[PDB]
Amino acid sequence: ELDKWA
Amino acid sequence: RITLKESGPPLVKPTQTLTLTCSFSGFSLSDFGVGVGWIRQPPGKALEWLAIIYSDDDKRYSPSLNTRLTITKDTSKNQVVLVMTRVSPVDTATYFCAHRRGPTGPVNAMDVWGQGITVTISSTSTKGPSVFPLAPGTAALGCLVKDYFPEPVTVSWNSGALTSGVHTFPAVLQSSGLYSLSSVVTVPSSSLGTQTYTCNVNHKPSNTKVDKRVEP
Amino acid sequence: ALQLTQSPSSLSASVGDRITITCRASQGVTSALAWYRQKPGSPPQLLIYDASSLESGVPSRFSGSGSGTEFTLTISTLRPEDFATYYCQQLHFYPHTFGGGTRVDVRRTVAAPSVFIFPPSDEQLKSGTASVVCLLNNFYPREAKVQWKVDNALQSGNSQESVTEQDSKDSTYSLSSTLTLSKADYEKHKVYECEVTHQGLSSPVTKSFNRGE
């Protein structure tokens, strides 16, 4: 998963 | 501006749970985006990422520590709590909690950190040190301050009168759960037979004072 | 997860020096990379955010560049307050990952250590254990290897060391290794030798003693 503001 | 701070127990026993608290002020968890993470750092080793929680509750943990960590936030207190379970000596480190901005591009970093709180795991009760000699032109001599708990211990030579040549090394946490550290002073021979060397040891945590004289 | 390879892992410089350290990412992290300086005993301090943006309040001598998998942090002119450890952190993927850190100490001429070996004491030797210690005094660079040997059997897993921080005057380091045997084991062996390997020595140097003699 991707950082949250990606 | 923003300042954060860690509270909790400096001493924790293998197996139990470590509950850490991040108290901050300069922002709130009501601000959109704002995150608060936990970074730990073992002794003399690198930074390790633990978990992050945001302004609206999504949390992410460390895949490795996932089943052992629980992060929460109380927005009435502006605190973030971290619970790590079944700890072992390897969890001994300094724990930091930091602030992360929110979108206003620069939420790409953790801009302000707590000062850190160093937790130590040890199934061990308070215990004073035993002071042994480390004894013999340049010449070395010292004191081995062994099996004490918890830190710290203070060592000086000749009641402070000797300061140059001295090296008090960082203590090591042994497998027994006890500490051990050496303090060495380097003098030049010739004086070994006329000069006198005594290390004054003081482990305040257990009220133990020892003056140890060292020679060949 | 996502590996970040910092390099060099250790560096040796002087004031006014210009050094460039990198941070490599196993996967492209775009520009979600931060750089921190950490002085011993103090918490990390943000220098560069978003890979190239100088954090408000940070000296202009610091700068960053890179994108995707390659990133660097440059210090145009090294200051006394820059001799610390630096870390890069990516915030593109979860978990957020840190590099292994890069170490920047003060450079001085190579200095070989002064080795001394200390046998255990009779007083200690009746508590049931024997602590023999080796001292590597005032050397440079920091890298040093200590090997313990009892009757020539290389010892492994029963020694512990700690190094002091770089002296503020002679910029040297000092190390302390402690071999811990149980009294019984201590007394059925003869030669206790400490072997030090270091840049200032052409061949490793050994310090030994014969238990009884």
# chains A, B, ... in the order shown; residues from 1 in each chain; ligands from 1
call {"tool": "residues_around", "arguments": {"residues": "residue A:1", "least_positions_apart": "2", "cutoff": "12 Å", "atoms": "only C-alpha atoms", "output": "list in words"}}
result
residues 3, 4, 5 and 6 of chain A; 60, 61 and 63 of chain B; 1, 2, 91, 92, 93, 94, 95 and 96 of chain C
call {"tool": "write_last_selection", "arguments": {"atoms": "N, CA, C and O atoms", "output": "PDB file, in the first residue's frame"}}
result
ATOM      1  N   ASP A   3       1.532   5.383   0.612  1.00  0.00           N
ATOM      2  CA  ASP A   3       1.344   6.311   1.660  1.00  0.00           C
ATOM      3  C   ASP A   3       0.012   6.927   1.334  1.00  0.00           C
ATOM      4  O   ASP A   3      -0.522   6.907   0.192  1.00  0.00           O
ATOM      5  N   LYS A   4      -0.547   7.440   2.397  1.00  0.00           N
ATOM      6  CA  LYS A   4      -1.831   8.038   2.412  1.00  0.00           C
ATOM      7  C   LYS A   4      -2.076   9.298   1.598  1.00  0.00           C
ATOM      8  O   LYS A   4      -3.226   9.669   1.388  1.00  0.00           O
ATOM      9  N   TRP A   5      -1.039  10.009   1.180  1.00  0.00           N
ATOM     10  CA  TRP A   5      -1.315  11.189   0.359  1.00  0.00           C
ATOM     11  C   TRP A   5      -0.429  10.949  -0.765  1.00  0.00           C
ATOM     12  O   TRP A   5       0.516  11.715  -0.949  1.00  0.00           O
ATOM     13  N   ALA A   6      -0.670   9.909  -1.528  1.00  0.00           N
ATOM     14  CA  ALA A   6       0.266   9.714  -2.581  1.00  0.00           C
ATOM     15  C   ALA A   6      -0.346  10.055  -3.916  1.00  0.00           C
ATOM     16  O   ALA A   6       0.149   9.493  -4.911  1.00  0.00           O
TER      17      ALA A   6
ATOM     18  N   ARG B  60      -1.511   2.833  10.431  1.00  0.00           N
ATOM     19  CA  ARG B  60      -0.738   1.872   9.695  1.00  0.00           C
ATOM     20  C   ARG B  60       0.342   1.434  10.661  1.00  0.00           C
ATOM     21  O   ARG B  60       0.867   2.240  11.426  1.00  0.00           O
ATOM     22  N   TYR B  61       0.635   0.147  10.678  1.00  0.00           N
ATOM     23  CA  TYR B  61       1.661  -0.324  11.572  1.00  0.00           C
ATOM     24  C   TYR B  61       2.849  -0.826  10.773  1.00  0.00           C
ATOM     25  O   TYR B  61       2.924  -0.649   9.552  1.00  0.00           O
ATOM     26  N   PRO B  63       4.671  -3.937   9.416  1.00  0.00           N
ATOM     27  CA  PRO B  63       4.326  -5.321   9.071  1.00  0.00           C
ATOM     28  C   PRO B  63       4.940  -6.330  10.039  1.00  0.00           C
ATOM     29  O   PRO B  63       4.341  -7.366  10.346  1.00  0.00           O
TER      30      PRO B  63
ATOM     31  N   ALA C   1      10.037  -5.264   2.722  1.00  0.00           N
ATOM     32  CA  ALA C   1       9.310  -4.058   2.231  1.00  0.00           C
ATOM     33  C   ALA C   1      10.166  -3.246   1.253  1.00  0.00           C
ATOM     34  O   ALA C   1      10.708  -3.798   0.288  1.00  0.00           O
ATOM     35  N   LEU C   2      10.279  -1.941   1.498  1.00  0.00           N
ATOM     36  CA  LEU C   2      11.063  -1.059   0.629  1.00  0.00           C
ATOM     37  C   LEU C   2      12.401  -0.827   1.278  1.00  0.00           C
ATOM     38  O   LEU C   2      12.464  -0.279   2.371  1.00  0.00           O
ATOM     39  N   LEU C  91       8.288   8.428   2.464  1.00  0.00           N
ATOM     40  CA  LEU C  91       6.912   8.385   2.933  1.00  0.00           C
ATOM     41  C   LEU C  91       5.954   8.182   1.779  1.00  0.00           C
ATOM     42  O   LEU C  91       4.862   8.737   1.764  1.00  0.00           O
ATOM     43  N   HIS C  92       6.370   7.371   0.816  1.00  0.00           N
ATOM     44  CA  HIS C  92       5.550   7.090  -0.345  1.00  0.00           C
ATOM     45  C   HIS C  92       4.770   5.777  -0.168  1.00  0.00           C
ATOM     46  O   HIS C  92       3.604   5.668  -0.572  1.00  0.00           O
ATOM     47  N   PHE C  93       5.413   4.788   0.443  1.00  0.00           N
ATOM     48  CA  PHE C  93       4.788   3.490   0.677  1.00  0.00           C
ATOM     49  C   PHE C  93       4.727   3.218   2.167  1.00  0.00           C
ATOM     50  O   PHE C  93       5.463   3.816   2.944  1.00  0.00           O
ATOM     51  N   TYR C  94       3.847   2.311   2.563  1.00  0.00           N
ATOM     52  CA  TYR C  94       3.746   1.909   3.958  1.00  0.00           C
ATOM     53  C   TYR C  94       4.441   0.562   3.952  1.00  0.00           C
ATOM     54  O   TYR C  94       4.241  -0.230   3.045  1.00  0.00           O
ATOM     55  N   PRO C  95       5.292   0.293   4.936  1.00  0.00           N
ATOM     56  CA  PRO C  95       5.647   1.168   6.050  1.00  0.00           C
ATOM     57  C   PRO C  95       6.631   2.261   5.638  1.00  0.00           C
ATOM     58  O   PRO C  95       7.368   2.118   4.657  1.00  0.00           O
ATOM     59  N   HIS C  96       6.631   3.359   6.385  1.00  0.00           N
ATOM     60  CA  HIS C  96       7.552   4.449   6.114  1.00  0.00           C
ATOM     61  C   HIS C  96       8.909   3.884   6.496  1.00  0.00           C
ATOM     62  O   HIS C  96       9.064   3.300   7.558  1.00  0.00           O
TER      63      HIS C  96
END
call {"tool": "closest_atom_pairs", "arguments": {"of": "chain B", "to": "chain C", "cutoff": "9 Å", "atoms": "only C-alpha atoms", "output": "Markdown table"}}
result
| residue | atom | partner | partner_atom | distance |
| --- | --- | --- | --- | --- |
| B:45 | CA | C:100 | CA | 8.3 |
| B:46 | CA | C:100 | CA | 5.6 |
| B:47 | CA | C:98 | CA | 6.3 |
| B:48 | CA | C:98 | CA | 6.6 |
| B:49 | CA | C:96 | CA | 6.2 |
| B:50 | CA | C:95 | CA | 8.2 |
| B:51 | CA | C:95 | CA | 7.9 |
| B:52 | CA | C:96 | CA | 8.9 |
| B:60 | CA | C:94 | CA | 7.3 |
| B:61 | CA | C:95 | CA | 7.0 |
| B:62 | CA | C:95 | CA | 5.8 |
| B:63 | CA | C:95 | CA | 7.3 |
| B:96 | CA | C:43 | CA | 7.8 |
| B:105 | CA | C:50 | CA | 6.7 |
| B:106 | CA | C:50 | CA | 5.9 |
| B:107 | CA | C:50 | CA | 7.7 |
| B:108 | CA | C:50 | CA | 4.9 |
| B:109 | CA | C:34 | CA | 5.1 |
| B:110 | CA | C:46 | CA | 7.0 |
| B:111 | CA | C:46 | CA | 5.4 |
| B:112 | CA | C:46 | CA | 7.2 |
| B:113 | CA | C:43 | CA | 6.8 |
| B:114 | CA | C:43 | CA | 7.2 |
| B:115 | CA | C:43 | CA | 5.5 |
| B:116 | CA | C:43 | CA | 6.6 |
| B:130 | CA | C:124 | CA | 8.5 |
| B:131 | CA | C:124 | CA | 8.7 |
| B:132 | CA | C:124 | CA | 6.7 |
| B:133 | CA | C:121 | CA | 6.8 |
| B:134 | CA | C:118 | CA | 5.6 |
| B:135 | CA | C:118 | CA | 6.5 |
| B:136 | CA | C:118 | CA | 7.2 |
| B:138 | CA | C:114 | CA | 9.0 |
| B:139 | CA | C:116 | CA | 8.4 |
| B:140 | CA | C:116 | CA | 6.9 |
| B:141 | CA | C:118 | CA | 8.5 |
| B:144 | CA | C:131 | CA | 8.7 |
| B:167 | CA | C:164 | CA | 7.5 |
| B:168 | CA | C:164 | CA | 7.7 |
| B:169 | CA | C:164 | CA | 5.6 |
| B:170 | CA | C:162 | CA | 5.8 |
| B:171 | CA | C:162 | CA | 7.2 |
| B:172 | CA | C:162 | CA | 7.0 |
| B:174 | CA | C:160 | CA | 8.2 |
| B:181 | CA | C:162 | CA | 8.6 |
| B:182 | CA | C:176 | CA | 7.5 |
| B:184 | CA | C:135 | CA | 8.3 |
| B:186 | CA | C:137 | CA | 8.5 |
call {"tool": "select_by_dssp", "arguments": {"residues": "stretch 6-66 of chain B", "states": "strand (DSSP E)", "output": "PyMOL selection string"}}
result
chain B and resi 6-7+11-12+18-25+35-41+48-54+59-61
call {"tool": "closest_residue", "arguments": {"among": "C:204, C:28, C:60, C:189", "to": "chain A", "atoms": "only C-alpha atoms"}}
result
C:28
call {"tool": "residues_around", "arguments": {"residues": "residue B:85", "least_positions_apart": "2", "cutoff": "9 Å", "atoms": "only C-alpha atoms", "output": "ChimeraX atom specification"}}
result
/B:15-19,67-70,83,87
call {"tool": "atom_distance", "arguments": {"atom1": "atom CA of residue C:205", "atom2": "atom CA of residue C:129"}}
result
26.7 Å
call {"tool": "closest_residue", "arguments": {"among": "B:77, B:1, B:86, B:100", "to": "chain A", "atoms": "only C-alpha atoms"}}
result
B:100
call {"tool": "residues_around", "arguments": {"residues": "residue B:177", "least_positions_apart": "4", "cutoff": "12 Å", "atoms": "only C-alpha atoms", "output": "list in words"}}
result
residues 11, 12, 13, 14, 88, 89, 90, 92, 120, 121, 122, 123, 124, 125, 126, 127, 146, 147, 148, 149, 150, 151, 172 and 173 of chain B
call {"tool": "atom_distance", "arguments": {"atom1": "atom CA of residue C:38", "atom2": "atom CA of residue C:105"}}
result
12.4 Å
call {"tool": "atom_distance", "arguments": {"atom1": "atom CA of residue B:7", "atom2": "atom CA of residue B:21"}}
result
5.2 Å
